[PDB]
Ligand SMILES: Cc1cc2nc3c(=O)[nH]c(=O)nc-3n(C[C@H](O)[C@H](O)[C@H](O)COP(=O)(O)OP(=O)(O)OC[C@H]3O[C@@H](n4cnc5c(N)ncnc54)[C@H](O)[C@@H]3O)c2cc1C
């Protein structure tokens, strides 16, 4: 029998990343007086995927939606997220409604975007057919490439980019100010395992040995969640790569209020951040896994997350071939920063927010699956809903606990992503001299 939930209930959130801070904030705002958040790092965490100078936000509605319940759930998440990016003062300053370009460069990719993304959407786009159509979405001198074989779609409003790092900091700040307790650092906040009494989770044991007891334990640790609970293959830690190119104080002025340019098989980039003038590029691919035997001594293989402020040279290559099609004049610029970035993919890349059906006091909130950052303002809300057993019908069944969809899971399934070798890649098959070497020299 799980304890009756009230505002006095001591709550623990494991993980103060994108989803953790969002939850801490929402719990605070609802009247919960006893919320403690645990993280092995101070905000922003160096391993939190939400720690990026920028991420893409997009919201689309559907024609129908009875035709695709997975996607109808996503609109529900994003309709909420967009509204909050525009009205909630904690999040508002860090949304940049600059627009979103989705595109490809081969017949089958372009037809894919037409069929899966554009046709089903109630959104009205501007069809980009030529190299001038791409170049003229941005000020003179920003896009200067030939865009070979490229065809795309511009989405003006209800899409843009977000300063995820700062918004995560802003939410942390407001949660902390409304009275949430943040235990962020090692060993105090580094949770090494959960705590069981009578088949349920009574709290969290951290690396310092203390058992933090709670009536409800919320687990939101991103890629790290896999090594804290048996998720039954429902979470694939996968990594993606990014790198920063620093701009000059003179040239950087032209790269302002730029719409997100995404080619689903080459990558995307976002406008230079206001602080360091750094321009960010991700080479799009199905992702990097780090295949090792699981930490629990099996012959089962797993993707184990590690941290690195470098990227494989093969990713720098893919980034620069992207640069070359779009902004050739920046193609041979030296990188100023790079790192690998860890998320968790579910078998269908819908979120995982549910009470564990064997430990009712545990609430997992994980599996952002590449689309979790934009949800920042409001994800904590649906998480609070789930906790408060009122997760609305439009999403409940889609994001529920579902280990049967991960039976016989192919860890190398491309999960609707394209680019590079068009296969899942493995960090183990990348040499130690085959990474970038940023600084110095
Ligand atoms: C390269 C890249 C680009 C992306 N671009 C976008 C985008 O444009 N738009 C979008 O919506 N999404 C995007 N995503 C997904 C995005 O990163 C989301 O932020 C991700 O889904 C975040 O979910 P999260 O809060 O659960 O994880 P995180 O933000 O990573 O938070 C995890 C936190 O849990 C902590 N933690 C870890 N381990 C332990 C432990 N043992 N005990 C306690 N605590 C712990 C971590 O330190 C961290 O603070 C992108 C992802 C990547 C990798």
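With the condition kept exactly as written, say whether any residue in the stretch 62-70 is in a helix (DSSP H, G or I) and more than 10 Å from the ligand (Cβ to nearest atom). There is at least one residue in the stretch 62-70 that is in a helix (DSSP H, G or I) and more than 10 Å from the ligand (Cβ to nearest atom).
One residue stands out among those in the stretch 357-377 that are buried (at least 23 other Cβ atoms within 10 Å of the Cβ) and closer than 15 Å to residue 73 by Cα: the one that is farthest from the ligand (Cβ to nearest atom), which is 367. The criterion of at least 2 residues that are within 16 Å of the ligand (Cβ to nearest atom), within 27 Å of residue 327 (Cβ to Cβ) and touching a residue at least 40 places away in the same chain (Cβ under 8 Å) is met by the following strands (runs of 3 or more DSSP E) wholly inside the stretch 94-188: 100-104, 159-162.
Of the set (1) in contact with a strand residue (DSSP E or B) (Cβ under 7 Å, 6 or more places away or on another chain); (2) more than 10 Å from the ligand (Cβ to nearest atom), all apply to residue 241 but (2).
Being within 30 Å of residue 195 (Cα to Cα) and loosely packed, with under 13 Cβ neighbours inside 10 Å is the requirement here; does residue 441 meet it? Steps first, answer last, please.
Values: within 30 Å of residue 195 (Cα to Cα): no; loosely packed, with under 13 Cβ neighbours inside 10 Å: yes.
It is false that residue 441 is within 30 Å of residue 195 (Cα to Cα) and loosely packed, with under 13 Cβ neighbours inside 10 Å.
When 390, 396, 437 are checked against the criterion of being away from the ligand (no atom under 16 Å from the Cβ) and not assigned by CATH to the domain that holds residue 47, a single residue qualifies: 437. Residues that are assigned to a loop (DSSP other than H, G, I, E, B), more than 6 Å from the ligand (Cβ to nearest atom), surrounded by 23 or more Cβ atoms within 10 Å (Cβ to Cβ) and in contact (Cβ under 8 Å) with a residue 40 or more places away in the chain within the stretch 10-51 comprise just one, 43.
Once the stretch 195-232 is narrowed to residues that are buried (at least 20 other Cβ atoms within 10 Å of the Cβ) and assigned to a helix (DSSP H, G or I), the residue that is farthest from the ligand (Cβ to nearest atom) is 226.
What about residue 89, is it over 20 Å from residue 259 (Cβ atoms) and not in a helix (DSSP H, G or I)? Spelling it out, residue 89 is indeed over 20 Å from residue 259 (Cβ atoms) and not in a helix (DSSP H, G or I). Inspection of the stretch 398-407 finds a residue satisfying the criterion of being within 30 Å of residue 203 (Cβ to Cβ) and either under 16 Å from the mean Cα position of the chain (by Cα) or buried (at least 19 other Cβ atoms within 10 Å of the Cβ) (or both). Select, from 321, 325, 354, 275, the only residue that is more than 23 Å from residue 423 (Cα to Cα), away from the ligand (no atom under 16 Å from the Cβ) and either over 20 Å from the mean Cα position of the chain (by Cα) or outside any helix (DSSP H, G or I) (or both). None of the other options fit; the residue is 275.
Give me a count of the residues in the stretch 278-314 that are surrounded by 14 or more Cβ atoms within 10 Å (Cβ to Cβ) and either outside the structural domain of residue 327 (by CATH) or part of a loop (DSSP other than H, G, I, E, B) (or both).
We begin by selecting, within the stretch 278-314, every residue surrounded by 14 or more Cβ atoms within 10 Å (Cβ to Cβ); these are 278-292, 294, 302-305, 308, 310-314.
After this cut, where a residue has to be either outside the structural domain of residue 327 (by CATH) or part of a loop (DSSP other than H, G, I, E, B) (or both) as well, the list is 283-287, 290, 294, 304-305, 308, 310-311.
Looking only at that region, the number is 12.
Report, by residue number, each residue of the stretch 357-389 that is in contact with a helix residue (DSSP H, G or I) (Cβ under 7 Å, 6 or more places away or on another chain) and part of a helix (DSSP H, G or I). Answer for the stretch 357-389, where residues must be in contact with a helix residue (DSSP H, G or I) (Cβ under 7 Å, 6 or more places away or on another chain) and part of a helix (DSSP H, G or I): 376, 377, 378, 379, 380, 381, 382, 383, 384.
What is reported rests on the model, the rules as stated and the sources as named; no laboratory instrument gave them. Cβ coordinates were reconstructed from backbone atoms using ideal geometry, including for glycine residues, and neighbour counts include every protein chain displayed.
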